[PDB]
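Below: the structure, in structure tokens.
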Amino acid sequence: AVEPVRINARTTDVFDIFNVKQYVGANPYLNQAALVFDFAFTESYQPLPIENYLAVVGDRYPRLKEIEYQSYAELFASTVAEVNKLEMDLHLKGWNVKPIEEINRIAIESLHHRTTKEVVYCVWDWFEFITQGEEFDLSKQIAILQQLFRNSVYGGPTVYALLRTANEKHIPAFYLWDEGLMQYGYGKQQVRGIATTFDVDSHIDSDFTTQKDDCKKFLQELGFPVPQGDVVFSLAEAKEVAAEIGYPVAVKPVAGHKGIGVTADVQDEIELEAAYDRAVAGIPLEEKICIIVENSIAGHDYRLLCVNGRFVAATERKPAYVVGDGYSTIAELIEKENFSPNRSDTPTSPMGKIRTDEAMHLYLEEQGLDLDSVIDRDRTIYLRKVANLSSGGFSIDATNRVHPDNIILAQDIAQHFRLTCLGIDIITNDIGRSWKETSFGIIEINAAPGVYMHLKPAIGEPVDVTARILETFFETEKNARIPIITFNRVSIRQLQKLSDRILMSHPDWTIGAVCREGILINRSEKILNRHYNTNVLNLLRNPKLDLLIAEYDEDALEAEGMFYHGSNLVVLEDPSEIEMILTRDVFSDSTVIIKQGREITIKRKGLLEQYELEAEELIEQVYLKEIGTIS
Amino acid sequence: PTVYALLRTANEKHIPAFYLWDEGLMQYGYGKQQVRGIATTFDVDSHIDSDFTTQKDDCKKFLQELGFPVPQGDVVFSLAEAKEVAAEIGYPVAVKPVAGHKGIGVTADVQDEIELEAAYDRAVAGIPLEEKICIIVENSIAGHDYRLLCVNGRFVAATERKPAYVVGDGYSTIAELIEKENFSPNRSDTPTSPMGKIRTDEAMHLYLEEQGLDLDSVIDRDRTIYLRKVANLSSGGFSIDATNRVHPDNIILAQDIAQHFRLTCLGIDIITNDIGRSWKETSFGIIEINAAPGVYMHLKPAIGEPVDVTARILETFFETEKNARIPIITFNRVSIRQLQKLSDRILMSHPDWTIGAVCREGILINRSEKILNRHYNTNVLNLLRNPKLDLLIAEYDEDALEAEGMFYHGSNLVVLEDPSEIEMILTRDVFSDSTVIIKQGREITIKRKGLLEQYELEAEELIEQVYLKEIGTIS
Amino acid sequence: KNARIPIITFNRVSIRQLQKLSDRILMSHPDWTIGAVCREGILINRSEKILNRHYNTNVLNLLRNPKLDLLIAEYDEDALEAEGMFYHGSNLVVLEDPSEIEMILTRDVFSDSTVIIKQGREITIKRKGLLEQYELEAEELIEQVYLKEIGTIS
């Protein structure tokens, strides 16, 4: 209950709206899901003319055919349609106005209904504030609306990217509650999943991926370059096989604290003895030479993505750094660099703020970089080791500079699990050289990788990964849908005879039929639900359906609208003005049959035919012959 | 209990099977025909479906949307509103009392609102009203717990669960009756015994508290005494075969339920009074669904006939023995260059194949070189784990044979060059359509399809000219 | 499978329906030879032959023919109780209003056989281990139920 409505409850309000309703799927007014409401002309405070309303357009540019404005309804619909983009370049376009009796009905396309209703309310308020007060602030409300969409089930980077790609490829998708997933198809050609996880991913491989230790051992037993470690344990001159772990063994010397070594790249055993004897002075015998072995310390961290066994996209992660003279280090420099044109909170911004925390300070005190230091030079300082993308760490594209050997290694690693998307992190000195002659390491592999960083990198060019993911399952338009038949009025017996006639040709198909008094699978009877659209949803969820037959009358059409979109074959007898709306949602190779009294009209894609019906003849005989060409 | 049954079935059907360390799994098959698993879980099962199966109170809504009999109820504090809701909750309901209970009326009520009037009148009157007025109009649930198993979407086997029971004589307490029952030969502890022992815990303490004398007095052979509300097959309870007494309607219902998930085996728990009647005319209810059920109770029932479910599980994947093998070639002394030449020669007819070759000098996977492990007989495992292999080429000399032995079983083409006494054993394990080539000095002996041939090579010739014409058989 | 031919089993059938079934089958395999036997006569393709007095001898005579491609036979209660069946296994079983004795015809089947049972106006079909049940309407004969099921034979 919105008691504020016009929050400043100024009595001179000149416009009124009411009767808001949500229409999923197709509807009598539009061709997609929408929100519908009614205009009005509240009296005694006559609205100033259109000219000044159109004049204040400094924010957005609705233009070009803007001369077509005939009343306030078209203006209002256009401005709500423009604000519906939410300053995000959404694929939501569409609007309709219908003047009936003395009122105009407005239909606005929507994806999340709550945000569209909020948009309508806000734009109505802005419109009201145009005549009397002459000022209104809308950026704050726009930001709140953007956050509202962000916190929705349809809101999300990967989710919305996949939805946009599916819309661009004209692939059905819809949300399934109870389960809580998204479904990309109809009948047997269906795919379900959440984010980057899908239903074709094994339960065993995903569990194994998180084992870490056993995964490392399994990877090392196949000869892959992994951080081997072999503990820290020393046996005086152990060396030999213990040192003969790999090429450029390069035992790195940590022990107690900081140092040296990293020069056993020369495999000379005498060099190893010299480093063991001369440099064991650095850390005294207080530590039993707890010395780590290769450590593959290259200081450059990369992430690689594999889809369907192939390698796509690569990215290098860099933490935040600072530059400048010795003013002080904490606060002043980060604060002024926070005030940067590129470091905004808008989703169009490449990256967020520095957002210092306590683990950052722990790293600072670990090295002793101080808090308010004096670094008066152009000396750059890195404030964090692990590049956290949510705390100022950024990413750079590295896709076009990878040596083929690393690609081969990544593909070989990928082709060992039954997952669809795999993400491998590596540490390398130069990605342009082979891993055989360069220090290399493999730290982690992940089964649920976030592909956001590959879509809009801070520096570089975008790459389309979502296209590859959808190509993995579907390859064209035809491998997403199933034959659908639409009726206006039908009974159970006619449905049974039609199903039998269809089954006479293909005897192994599964056919679903839905009408007003029963639901049929092949020839058996099931239970019907009170909500009419849930039956269609359940029939479309079936993983074995081959053909759908649906009866849609005027009541259901006006109440909530259709659920599907195609209607390959349409049969109509005695249609109302609303019931004709089924004739516009057809494909090129469709077939529409119309009966009007004693007149029969065939609207086959080839030619238009008309004929005069006989006595005691039935439309059964009319379609029972055209059913011969469905697939 | 299940792993060994699967192993025995695989041995019966001549299917290779071996254990994978570093992974904790068992693998059946060799190349692209492999299947990995543990107990009744396999690599083709889905992740989100298996996670959804364990989220209770959400599967109930999913199974209630599509019209299925599930237990649901309501809470009321008034009179007419209850009667209203009960109609939409389904009419064959039971009213029951809140906490007063008295001896619970339950008030089975069949088809009438007037029966509802009488039922709630007795409920509010007889049961004390001091407690809350939460008159919970619920469904009617019977006893006789059953468990159904579905494999590949088809109904296979069913089993009734029955808890342990005791009877009285006239001069003995319950404990001595328990001891007498335990003395019975049937309830022994051999691994191979139908029924187990009877134990003690708090559960039967609460059960005795509900009704009955608590470890005192005598029953006097009037009736039997139960110990638990749940069978608990690990101790006391047992199972009865009920596969042949199931109505077709329940079978169709089970198939409809099972067709919606991407799992190989599914288990359904059901409560009903009669399993031989349709669920549309009795008290039926679905309780739980399990994704990784145990199938031992269907193989060794207490009384009844066994059902072979492991045969169905295995036949789901492999139709016959040849559907789980790949071509294998065995040498006893070879070099890398010859392996490369053989691979390139083979690749001309099948350009989209993947071939794996291993010897004492290095590994080769389709014109490439990889790292050779130090432990022989491990590279063979790594090559047989690859899910894309189409052909294997391996070498086994005398040292390898005397160290651990061969890893696979059977060969399609055997090539020997000046063999010793030990290496000749490589000719023992062959099929009936295999080809064998032996060279000694300049003498060549060939066995092909059971037919023998012998001739003599002259100088300046190599064995590579002999087996390059026999490569067309494995194609 | 290299030593067997397809077999179809009825429990009650007339000589007019066998000709229609053979005609329908021969449309897809014009060069086949089909042998059918019942209590009224014996047919090879569409021609009539002589019937023996001992019923089980006709099946032996048909299985001895070195050109047969498919067999159709019926076994009622008296035949089953007299001497029993002659072959082992079936690929398609049709039962119309069966009795207690005749139900044993469903015991000897393979893993991909088809079973059809009609009782009153109720039809039960088992196909590849999957069950299905529905109801016929008024003027209807079983001939239109099993005439769509002959695709597994091929």
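Reminder, nothing fancy here: chain letters follow the sequence lines and each chain counts from 1.
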Point to revise | Side-chain donor/acceptor of A/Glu471 to backbone N/O of A/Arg468, under 3.5 Å | key: yes
Check your understanding: Can you name the nearest heavy-atom pair linking A/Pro483 to A/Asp546, along with the distance?
Key -> CD-O, 3.6 Å
Check your understanding: Would a distance-only check, ignoring hydrogens and angles, find a side-chain to backbone donor-acceptor pair under 3.5 Å from A/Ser567 to A/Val570?
Key -> no
Check your understanding: Going through the distances and angles, do A/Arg303 and A/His454 end up as a side-chain contact (heavy atoms from CB on, under 4.5 Å)?
Key -> CA-CA 10 Å; A/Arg303 148 88 48 112; A/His454 304 256; 4.1 Å; yes
Review point. When rounded to the nearest 0.5 angstrom, what distance separates CG in A/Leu163 from NE2 in A/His91?
Key: 6.5 Å
Review point. Quick one: does B/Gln27's side chain have a donor or acceptor within less than 3.5 Å of a partner on B/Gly29's backbone?
Key: yes
Review point. A/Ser152 side chain to A/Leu148 main-chain N or O, any donor-acceptor pair under 3.5 Å?
Key: no
Check your understanding: Can you tell me if A/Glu560 uses its side chain to pair, donor with acceptor, with the backbone of A/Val24 under 3.5 Å?
Key -> no
**Study point:** Flag side-chain contact, heavy atom, 4.5 Å: A/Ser206 against A/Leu419
**Key:** yes
Check your understanding: Do the non-hydrogen side-chain atoms of A/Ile171 and A/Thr165 ever get within less than 4.5 Å of each other?
Key -> no
Practice item. For the residue pair A/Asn535 and A/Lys526, establish whether any side-chain heavy-atom pair is separated by less than 4.5 Å. Key: no
Check your understanding: Where do A/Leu503 and A/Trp509 come nearest, in terms of heavy atoms and distance?
Key -> CD2-O, 3.9 Å
Point to revise | Value rounded to 0.5 Å, distance of CG in A/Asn406 from CD1 in A/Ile431 | key: 5.0 Å
Study note, to complete from the structure: Taking every heavy atom of A/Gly561 against every heavy atom of A/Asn533, the minimum-distance pair comes out as O-ND2, 3.6 Å
Check your understanding: Mind checking whether A/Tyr532 and A/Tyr552 have parallel, tilted or perpendicular rings, split at 30° and 60°?
Key -> perpendicular
Review point. Heavy-atom distance under 4.5 Å between the side chains of A/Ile511 and A/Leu498, does that happen here?
Key: no
Point to revise | A/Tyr564 side, atom OH; A/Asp585 side, atom CG - distance, nearest 0.5 Å | key: 9.5 Å
Review point. Under the side-chain contact (heavy atoms from CB on, under 4.5 Å) criterion, do A/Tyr23 and A/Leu30 qualify, and how do the steps go?
Key: CA-CA 10 Å; A/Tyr23 277 34; A/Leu30 213 45; over 6 Å; no
**Study point:** Side chain proximity check, A/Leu90 to A/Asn84, heavy atoms < 4.5 angstrom
**Key:** no
**Study point:** Heavy-atom pair with the smallest gap, counting every atom of A/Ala313 and A/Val463
**Key:** CB-CG1, 4.0 Å
Practice item. Take the angle between the ring planes of B/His260 and B/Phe62 and call it parallel below 30°, perpendicular above 60°, tilted in between. Key: perpendicular
Check your understanding: Got a sec: does the CG of A/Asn400 have more than 12 other heavy atoms crowding it under 6.0 Å?
Key -> no
Review point. With side chains defined as the heavy atoms from C-beta onward, is the minimum distance between A/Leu409 and A/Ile413 less than 4.5 Å?
Key: yes
**Study point:** Minimum heavy-atom distance B/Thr40-B/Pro293, with the two atoms named
**Key:** OG1-O, 3.3 Å
Review point. Would you say the side chain of A/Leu548 lies within less than 4.5 Å of the side chain of A/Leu539, judging by non-hydrogen atoms?
Key: yes
Point to revise | Flag, side chain of A/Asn308 to backbone of A/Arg310, donor-acceptor distance under 3.5 Å | key: no
Point to revise | Side-chain ion pair, A/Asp508 and C/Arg127, N-O less than 4.0 Å | key: no
Point to revise | Ring centers of A/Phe198, A/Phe473 separated by less than 6.0 Å | key: yes
Check your understanding: For A/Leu92, does its backbone N or O pair with a side-chain atom of A/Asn167 as donor and acceptor, under 3.5 Å?
Key -> no
Exercise for review: On the 0 to 90° scale, with breaks at 30° and 60°, tag the A/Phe208-A/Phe417 ring pair as parallel, tilted or perpendicular.
Suggested key: tilted
**Study point:** Gap separating the CZ atom of A/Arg150 from the OG1 atom of A/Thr115, nearest 0.5 angstrom
**Key:** 12.0 Å
Exercise for review: Tell me yes or no: between the side chains of A/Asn529 and A/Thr534, is some donor less than 3.5 Å from an acceptor?
Suggested key: yes
Practice item. For the pair A/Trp177 and A/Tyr175, name the ring-plane relationship: parallel under 30°, tilted 30 to 60°, perpendicular over 60°. Key: perpendicular
Practice item. Inspect the contact between B/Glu65 and A/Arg541 and indicate whether a charged nitrogen and a carboxylate oxygen are less than 4.0 angstrom apart. Key: no
Practice item. Taking A/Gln146 for its side chain and A/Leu86 for its backbone only, find out whether a donor-acceptor pair lies under 3.5 Å. Key: yes
Review point. According to the interplanar angle, ranging from 0 to 90°, do the rings of A/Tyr160 and A/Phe149 count as parallel (below 30°), tilted (30 to 60°) or perpendicular (above 60°)?
Key: perpendicular
Review point. A/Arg418 and B/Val44: side-chain contact (heavy atoms from CB on, under 4.5 Å), yes or no, with the steps?
Key: CA-CA 9 Å; A/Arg418 272 181 83 88; B/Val44 283; 3.9 Å; yes
Practice item. Return the minimal non-hydrogen interatomic distance between A/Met88 and A/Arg164, and the atom names on each side. Key: O-NH2, 4.2 Å
Practice item. Go through the steps to decide whether A/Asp201 and A/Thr420 satisfy the test side-chain contact (heavy atoms from CB on, under 4.5 Å), and finish with yes or no. Key: CA-CA 7 Å; A/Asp201 294 10; A/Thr420 306; 3.1 Å; yes
Practice item. Would you check if B/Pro387 and B/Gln34 make a side-chain contact, meaning some heavy-atom pair closer than 4.5 Å? Key: yes
**Study point:** Main-chain N/O of A/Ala448 paired with A/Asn446 side-chain donor or acceptor, under 3.5 Å
**Key:** no
Check your understanding: What distance separates A/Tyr186 OH from A/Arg481 CZ, expressed to the nearest 0.5 Å?
Key -> 6.0 Å
Exercise for review: Return yes if some donor-acceptor pair links the side-chain N/O of A/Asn479 with the main-chain N/O of A/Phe474 below 3.5 Å, else return no.
Suggested key: no
Review point. Would you call A/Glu444 and A/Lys212 a salt bridge, using N to O less than 4.0 angstrom?
Key: yes
Study note, to complete from the structure: To the nearest 0.5 Å, atom CG of B/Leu389 lies from atom CG of B/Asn366 at 9.5 Å
